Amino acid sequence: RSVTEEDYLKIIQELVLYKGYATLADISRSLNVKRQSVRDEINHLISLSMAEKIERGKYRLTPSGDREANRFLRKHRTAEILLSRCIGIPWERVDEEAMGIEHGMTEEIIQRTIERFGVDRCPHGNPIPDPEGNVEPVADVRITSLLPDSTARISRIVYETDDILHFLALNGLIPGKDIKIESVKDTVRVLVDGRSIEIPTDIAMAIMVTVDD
């Protein structure tokens, strides 16, 4: 697939949940689009009241751009469920592979997929928005906000890159797994499945967790 508006909405929403803002160069690098085209699209989104400038070089979605993103992510996330549950596309690959089929996911397909597998989250734990673009508020927090000896459950991975998902899969840090914070100096080190894992800051920033209970 070549790049669409919906791809811009998704990456901008991810970067904002991940680090608090989207830059042109971060969008350029994720979408593999030249900066100047990224600039034209951002300005177009701003003129449509779907994005706004936060300060210099830093952007985010407006509330209405966020709902539009959400209507797309309903398609995206359901496509991931379809691909991973029906045909065994690996957990860490399924974000990339959903890219083809997601644009044409109809409500017929989306709803039958949701009811057939009994899910309301993508395999990476992000909730599936409703058709209007609403998502239920989830009570979770950044794993980087936790003190040593905190116990928690991994909730969702808000930014789904290859390096990130591969690390998480390799170390079994997946939605639903109980973890315990061992250390927070330089990296975030946790206890999971009796094993100890150092999570570098760039990866830890993408991990949301729910604190018991």
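Numbering starts at 1 and runs along the sequence shown.
Engineer: Between 121 to 129 and 92 to 100, which has the higher average C-alpha B-factor in the PDB entry?
Structural biologist: For C-alpha atoms only, the mean B-factor is higher in 92 to 100.
Engineer: Can you tell me whether 201 to 209 has a higher mean C-alpha B factor than 186 to 194 in this record, or the other way round?
Structural biologist: Per the PDB entry, the higher value belongs to 186 to 194.
Engineer: Sort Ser155, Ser64, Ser150, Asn70 by C-alpha B-factor from the entry and give me just the highest.
Structural biologist: When the deposited C-alpha B-factors of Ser155, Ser64, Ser150, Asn70 are compared, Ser150 is largest.
Engineer: Sorting the chain's modelled residues by C-alpha B-factor, tell me whether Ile181 ends up in the lowest, middle or highest third.
Structural biologist: Highest third, going by the recorded CA B-factors of the chain.
Engineer: Ordered by C-alpha B-factor within the chain, which third holds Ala79? Give me lowest, middle or highest, please.
Structural biologist: Lowest third - that is where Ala79 ends up once the chain's C-alpha B-factors are sorted.
Engineer: Can you work out whether the C-alpha temperature factor of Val138 puts it in the lowest, middle or highest third of the chain?
Structural biologist: As the PDB entry reports it, the C-alpha B-factor of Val138 lands in the highest third of its chain.
Engineer: Split the chain's modelled residues into thirds by Cα B-factor; is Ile54 in the lowest, middle or highest one?
Structural biologist: Top third by C-alpha B-factor.
Engineer: Ordered by C-alpha B-factor within the chain, which third holds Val33? Give me lowest, middle or highest, please.
Structural biologist: Top third by C-alpha B-factor.
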